[PDB]
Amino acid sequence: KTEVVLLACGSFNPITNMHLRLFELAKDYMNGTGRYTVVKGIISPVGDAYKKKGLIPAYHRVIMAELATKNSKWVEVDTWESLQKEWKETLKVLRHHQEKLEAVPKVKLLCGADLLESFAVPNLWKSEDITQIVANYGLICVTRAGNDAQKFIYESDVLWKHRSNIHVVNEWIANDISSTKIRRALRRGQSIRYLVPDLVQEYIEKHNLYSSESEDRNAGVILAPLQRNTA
């Protein structure tokens, strides 16, 4: 039994019952195989240097993530990436956490099908990064469209070559709570109770974090990866 640490890189703008649900799913799955033992889950909010449209301050995303995991036994938040001045490629974030653990459980990227399929977006990922991520760390991709993910893997010689290191976990409970729809809801003043944890909902309301204004941040700006990989 290989000891494993699930590392989820994402914006968590805001984290929702779905992001937490991701970790629960992956763990049951990996433990389920019998060849693994999930020892820890790490949430690592992206730094504001990412420049994603509508992205609020990493400070709030970390806090929410922390509040969301306050009662979680095995999942926690790591603020290293967010406190970085420069936007860090996910490969580097994976590396950092592997090297950290050697101061040995293997670190795997926890993600959804959107992330996996974004590999095809021109210039979004350095192709070597793709190879090294799946080759040297591996993905645990959770999804409600298991077949599209499986099809995407089958259509890429690189992903197919390292398929033993890419695990597609089916989500049979059609979870669709996206960050975007949560933000839309708040702007219109609708309830989001039961879509995010109580403390996260309470934290958000109290400070009216999301608004038309916030949704506008980085508007007109190129996504970090895109700028760096074209420049």
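Sequential numbering from 1, following the sequence displayed.
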Completion exercise
Looking at residue 103 and residue 104, the deposited sequence has unmodelled residues in between totalling 10 or more
Practice task
Tell me which of 152-160 and 70-78 has the higher mean C-alpha B-factor in the deposited entry.
Solution key: 70-78
Practice task
Return whichever of 31-39 and 164-172 has the greater mean Cα B factor according to the PDB record.
Solution key: 31-39
Problem - B-factor third for the C-alpha atom of residue 139 within its chain - result: middle
Exercise for the section: Taking the chain's C-alpha temperature factors as the reference, tell me which third residue 122 falls into: lowest, middle or highest. Expected result: middle
Completion exercise
Temperature factor at the Cα of residue 187, chain-ranked in thirds, falls in the lowest
Fill in the blank from the handout: Quick tally, chain-level thirds of C-alpha B-factors: residue 226 sits in the highest
Practice task
Select lowest, middle or highest to describe the third in which the CA B-factor of residue 4 falls within its chain in this entry.
Solution key: highest
